[PDB]
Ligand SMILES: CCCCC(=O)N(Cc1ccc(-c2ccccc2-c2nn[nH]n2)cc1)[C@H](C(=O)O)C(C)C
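Coming up is one lone chain in structure tokens, specifically the form solved without this ligand.
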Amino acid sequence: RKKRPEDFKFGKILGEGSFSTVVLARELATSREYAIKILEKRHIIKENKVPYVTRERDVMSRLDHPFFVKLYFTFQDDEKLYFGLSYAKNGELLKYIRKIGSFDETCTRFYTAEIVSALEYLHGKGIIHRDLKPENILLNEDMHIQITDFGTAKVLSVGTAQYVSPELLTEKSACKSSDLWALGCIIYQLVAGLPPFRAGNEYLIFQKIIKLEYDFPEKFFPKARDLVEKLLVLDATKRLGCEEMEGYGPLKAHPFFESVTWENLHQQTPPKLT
């Protein structure tokens, strides 16, 4: 039952990283399209990434939720590892952010809610993403979210500069509140069109993060602003959603989510992005 590279018609490259390439592939026997993550074993071994790639596969195996990528199969030849993943026809969220400039209130609320429910599921399994951002949040043919990129994910017993939490720059310590921080950055970015902390280089961005140096544009939705101010908290113990703040209940009960039906989000028809 183990699939082979010969079982597929490989097509365009969807994405490229340091340790992997993601390529569109049509399975010949079924006509099914998969997004196959291809990883060179030699490069992984040379850079000591074996624990990372092992963990990534193990994390993805545990995922059984509509707002996350699914791992359908794995195989390998002499050179390469192949992970068969969900194909998300509409690509990254970042692409839509840049195309329409910024989301209105309805689209912000709906897509924020989908990320919240996804994180609720993820954190309830004791798994932490650690690199949450619009580039890693895909959209399927129905325009529902599909979170991907589990290469730096952590299972409990630095990600991208702009979405890095203060505690990560202090104690070098990562937990659930790091994801919730990144959530606050994403909400801001959906409403404003750009992430909250921006500077000339990485050092200057890190400076702004630890000082909490960011401004809301005047037109920012008041209830969205109020939510962002409760996620972008320097003390990781005081952020909405975290265990010390009594979890996801209070987060979901925030006035910004007033009209949200949380129980069936993935079967609701997504609002048009205009």
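Numbering starts at 1 and runs along the sequence shown.
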(message) Please determine whether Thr152 lacks coordinates in at least a third of the other PDB entries of this protein that model its flanking residues.
(response) no
(request) For the stretch from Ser157 to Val158, please bin the deposited residues that the model skips: none, 1 to 3, 4 to 9, or 10 or more. (result) 10 or more
(message) Comparing average C-alpha B factors as deposited, tell me which of 162 to 170 and 68 to 76 sits higher.
(response) 162 to 170
(request) State which stretch shows the higher mean Cα B factor in the entry: 218 to 226 or 244 to 252. (result) 218 to 226
(message) By the CA temperature factor listed in this entry, which of these ranks top: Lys95, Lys125, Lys133, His129?
(response) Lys95
(request) Among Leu138, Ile115, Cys185, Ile100, single out the one with the highest C-alpha B factor in the record, please. (result) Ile100
(request) Report the third (lowest, middle or highest) to which the CA temperature factor of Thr108 belongs, ranking only the modelled residues of the same chain. (result) middle
(request) Sort the modelled residues of this chain by their C-alpha B factor and say whether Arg62 lands in the lowest, middle or highest third. (result) middle
(request) Tell me, lowest, middle or highest third: where does the Cα B factor of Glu47 rank within its chain? (result) highest
(request) For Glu33, return the chain-relative third of its C-alpha B-factor as stated in the PDB record: lowest, middle or highest. (result) lowest
(message) For the chain shown, is the CA B-factor of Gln189 in the lowest, middle or highest third of its modelled residues?
(response) lowest
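The same protein also has a form deposited with this ligand bound, omitted here; what follows describes it.
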(message) Under a 4.5 angstroms heavy atom criterion, identify the one residue in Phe83, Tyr111, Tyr188, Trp181 near this ligand in the deposited bound form.
(response) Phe83
(request) Please state whether every one of the three residues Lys41, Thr54 and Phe75 places a non-hydrogen atom within 4.5 angstroms of this ligand in the deposited bound form. (result) yes
(request) Please name which of the stretches 244 to 252, 227 to 235, 214 to 222, 44 to 52 has residues with heavy atoms lying within 4.5 Å of this ligand in the deposited bound form. (result) 44 to 52
(message) Is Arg4 part of the interface with this ligand in the deposited bound form - any heavy atom within 4.5 Å?
(response) no
